[PDB]
């Protein structure tokens, strides 16, 4: 568990790093198990949250195990805690506004 | 004919700073990528600056430039004898629906 | 007869011998003209490969995955299979 | 990357011209050829140009109708034909392509009738034409 | 009676094998139909509260 602080607007980066570096399937969630991001093969897969048109992942970094989360346009309610599901590493990382 | 208003010829001392101010319209500078080409008279023309600030392999870093609104400049430092060439201002213009080059600017040194 | 067996669907390894024989099928059959695969080791670079790219017909045919010498393939013939867990009707093939 | 042409030619008013510009890569579809001239004493002028990966072709304002331009798919070459040869056309002809690989990084569907001619790099040796 | 589906044809696709875009030829000229059987679904939940 880590703490990452951003104020507003700029693109934060939240990273869960795998231990294989061969693009295994990951996911992202929040404190209500609402999906945010997620690999599906070699594509992306959004979710029906309030961060649908904002968050994105850098696709070139997946081959080295890095699965970031780039949330642009930080709104006033973006202080929550998001998890990864890579293999079992449910790394809950929180945010602030 | 010069739809992009380029100066016809410039002159400076070798090693100094000279800027070619190629201006145009709002349909070829502000919403299009401009580029420059260098040709000694009798040689094959070749680009020196693309994507408004970039240098290909074989081009020194003494050449630079900008793309400011309806105008596009050239940062040309380090003048020598071997840059005795005509410099052009080429970009796409969707209003004419064609690529349009500039009037050509010939630099010369002492 | 009378063989029950805990099958599995999500941990098979005939799947990975299919996913890397269809990747190898679409590399000799659908050759793109420009292919921007990344190749980098924060800042990264993207490459660009180019092959001769003609248009060819493409109709998938059925492919059987036979067993090599020394092994055998089971077959969960239970007509209401959950996918995982025990499968009470099992035949060899 | 190489880009070679045919040789210099002489013409007559009423005839046509068949100048080629043959590539060096595997195919033409990775490059966006153009066709620029250079009148003596003056600068250059973009006459025509072809993009084979979208099947499009673009022209200037003046040279429409007189110029047809065809890229042969087999031997990796592009032609440039022109009729109505008058004495103002006495110039050297240059073929120059660039990389079409930047259009893919645009978002989703792109303009398939549009043009992406920018930053030509592989300028050919130049074919000098004259009419008599 | 039947439902229509406003499809498209792409030339700049993300391929499924690896990461990285492909770029293909222009489409063929004439008619190209394909009859096929939708024997499957891949759904996905959305578990709220």
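Letters A, B, C, D and E mark the chains as written, and numbering starts fresh at 1 in each.
Rule of thumb we're sticking to: contacts are C-beta pairs under 8 Å (C-beta built on N, C-alpha and C of every residue); 3 or more make two chains touch, one makes a residue touch a chain.
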Identify the chains in contact with chain D as well as chain E, in label order. C
For chain B and chain C, which third chains touch each of them? D
Relative to chain B, which chain has the most distant C-alpha mean position? C
Could you put a whole-Å number on the gap between the CA centroids of chain A and chain C? 29
Chain centre separation (chain C, chain D; CA means) in Å: 46
Distance between chain B and chain D based on Cα centroids, please, to the nearest Å. 21
Which parts of chain E, given as residue numbers and ranges, touch two or more other chains? 15, 17-19, 21, 23, 25
Mind pulling the chain B residues that touch 2 or more other chains? none
Multi-chain contacts only, two chains or more: what residues does chain D have there? 29, 53, 100-101, 104-105
Chain-chain contacts as defined at top: A-C, A-E, B-D, C-D, C-E, D-E
Would you pull the chain D residues touching chain E in the complex into a rising list? 29, 53-55, 100-101, 103-105, 109-110, 112
Report the residues of chain D in contact with chain C in the complex, numbered from low to high. 25-27, 29-30, 53, 99-101, 104-105
Listed in rising order, the residues of chain D that touch chain B in the complex are 34, 36, 38, 42-46, 49, 58-61, 94, 114-121, 123-126
Which stretch or stretches of chain A touch chain C in the complex? 59-61, 63
Quick check: in the complex, which residue numbers of chain E touch chain C? 15, 17-25, 28
